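As provided, input-v4.cif (mmCIF, C-alpha atoms) reads as follows.
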data_my_file
#
loop_
_atom_site.group_PDB
_atom_site.id
_atom_site.type_symbol
_atom_site.label_atom_id
_atom_site.label_comp_id
_atom_site.auth_asym_id
_atom_site.auth_seq_id
_atom_site.Cartn_x
_atom_site.Cartn_y
_atom_site.Cartn_z
ATOM 1 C CA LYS A 1 -1.051 -8.668 24.548
ATOM 2 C CA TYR A 2 -1.576 -7.449 21.002
ATOM 3 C CA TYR A 3 -1.439 -10.710 19.081
ATOM 4 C CA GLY A 4 -5.187 -10.603 18.524
ATOM 5 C CA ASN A 5 -8.018 -9.001 20.470
ATOM 6 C CA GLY A 6 -7.374 -5.565 21.936
ATOM 7 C CA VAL A 7 -5.840 -4.678 18.557
ATOM 8 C CA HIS A 8 -7.422 -1.225 18.607
ATOM 9 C CA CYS A 9 -8.259 -0.788 14.938
ATOM 10 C CA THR A 10 -6.438 2.373 13.922
ATOM 11 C CA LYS A 11 -8.520 3.028 10.830
ATOM 12 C CA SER A 12 -5.876 1.285 8.758
ATOM 13 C CA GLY A 13 -5.596 -2.342 9.804
ATOM 14 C CA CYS A 14 -6.962 -4.299 12.742
ATOM 15 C CA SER A 15 -5.028 -7.460 13.578
ATOM 16 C CA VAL A 16 -1.808 -5.467 13.359
ATOM 17 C CA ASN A 17 0.898 -8.118 13.518
ATOM 18 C CA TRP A 18 4.296 -6.618 14.310
ATOM 19 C CA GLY A 19 6.303 -9.067 12.230
ATOM 20 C CA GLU A 20 3.694 -8.888 9.496
ATOM 21 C CA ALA A 21 3.864 -5.101 9.797
ATOM 22 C CA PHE A 22 7.501 -5.257 8.742
ATOM 23 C CA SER A 23 6.405 -7.540 5.934
ATOM 24 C CA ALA A 24 3.565 -5.107 5.330
ATOM 25 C CA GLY A 25 5.976 -2.203 5.675
ATOM 26 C CA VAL A 26 8.244 -4.100 3.333
ATOM 27 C CA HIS A 27 5.547 -4.577 0.725
ATOM 28 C CA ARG A 28 4.227 -1.092 1.410
ATOM 29 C CA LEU A 29 7.428 0.170 -0.163
ATOM 30 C CA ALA A 30 7.278 -2.502 -2.842
ATOM 31 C CA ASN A 31 3.714 -1.679 -3.867
ATOM 32 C CA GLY A 32 4.965 0.228 -6.904
ATOM 33 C CA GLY A 33 6.987 -2.214 -8.974
ATOM 34 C CA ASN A 34 10.247 -0.499 -9.844
ATOM 35 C CA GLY A 35 10.383 2.402 -7.407
ATOM 36 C CA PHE A 36 12.409 0.824 -4.626
ATOM 37 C CA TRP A 37 16.002 0.682 -5.812
#
Write-out of the structure in structure tokens:
Amino acid sequence: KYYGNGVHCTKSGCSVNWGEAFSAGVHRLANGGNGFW
């Protein structure tokens, strides 16, 4: 499993949640302010 432990830190996030990675992918896009639309 990859819900904690075994994560394999990829030099850019450890825990690496897959649902939180879509929320982190989400916010990754929305880390500008007005450059999404």
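Proximity ranking of A:37, A:22, A:17, A:29 relative to residue 3 in chain A places A:17 first, based on only C-alpha atoms.
Here the selection is built from only C-alpha atoms, and the residues within 12 Å of (1.4, -5.8, 14.1) turn out to be residues 1, 2, 3, 4, 5, 6, 7, 8, 9, 10, 12, 13, 14, 15, 16, 17, 18, 19, 20, 21, 22, 23, 24 and 25 of chain A.
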Take the residues that were just selected and, keeping C-alpha atoms, output them as an mmCIF file, in the coordinates of the input.
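Saved to out-v4.cif:
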data_model
loop_
_atom_site.group_PDB
_atom_site.id
_atom_site.type_symbol
_atom_site.label_atom_id
_atom_site.label_comp_id
_atom_site.auth_asym_id
_atom_site.auth_seq_id
_atom_site.Cartn_x
_atom_site.Cartn_y
_atom_site.Cartn_z
ATOM 1 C CA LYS A 1 -1.051 -8.668 24.548
ATOM 2 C CA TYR A 2 -1.576 -7.449 21.002
ATOM 3 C CA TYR A 3 -1.439 -10.710 19.081
ATOM 4 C CA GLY A 4 -5.187 -10.603 18.524
ATOM 5 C CA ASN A 5 -8.018 -9.001 20.470
ATOM 6 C CA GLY A 6 -7.374 -5.565 21.936
ATOM 7 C CA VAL A 7 -5.840 -4.678 18.557
ATOM 8 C CA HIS A 8 -7.422 -1.225 18.607
ATOM 9 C CA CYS A 9 -8.259 -0.788 14.938
ATOM 10 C CA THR A 10 -6.438 2.373 13.922
ATOM 11 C CA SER A 12 -5.876 1.285 8.758
ATOM 12 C CA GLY A 13 -5.596 -2.342 9.804
ATOM 13 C CA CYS A 14 -6.962 -4.299 12.742
ATOM 14 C CA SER A 15 -5.028 -7.460 13.578
ATOM 15 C CA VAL A 16 -1.808 -5.467 13.359
ATOM 16 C CA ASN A 17 0.898 -8.118 13.518
ATOM 17 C CA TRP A 18 4.296 -6.618 14.310
ATOM 18 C CA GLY A 19 6.303 -9.067 12.230
ATOM 19 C CA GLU A 20 3.694 -8.888 9.496
ATOM 20 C CA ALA A 21 3.864 -5.101 9.797
ATOM 21 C CA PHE A 22 7.501 -5.257 8.742
ATOM 22 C CA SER A 23 6.405 -7.540 5.934
ATOM 23 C CA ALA A 24 3.565 -5.107 5.330
ATOM 24 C CA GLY A 25 5.976 -2.203 5.675
#
The centre and edge lengths of an axis-aligned box containing all atoms of range 27-32 of chain A present in the file, extended by 3 Å on each side, are to be given in Å to one decimal, as lines of an AutoDock Vina configuration file.
center_x = 5.6
center_y = -2.2
center_z = -2.7
size_x = 9.7
size_y = 10.8
size_z = 14.3
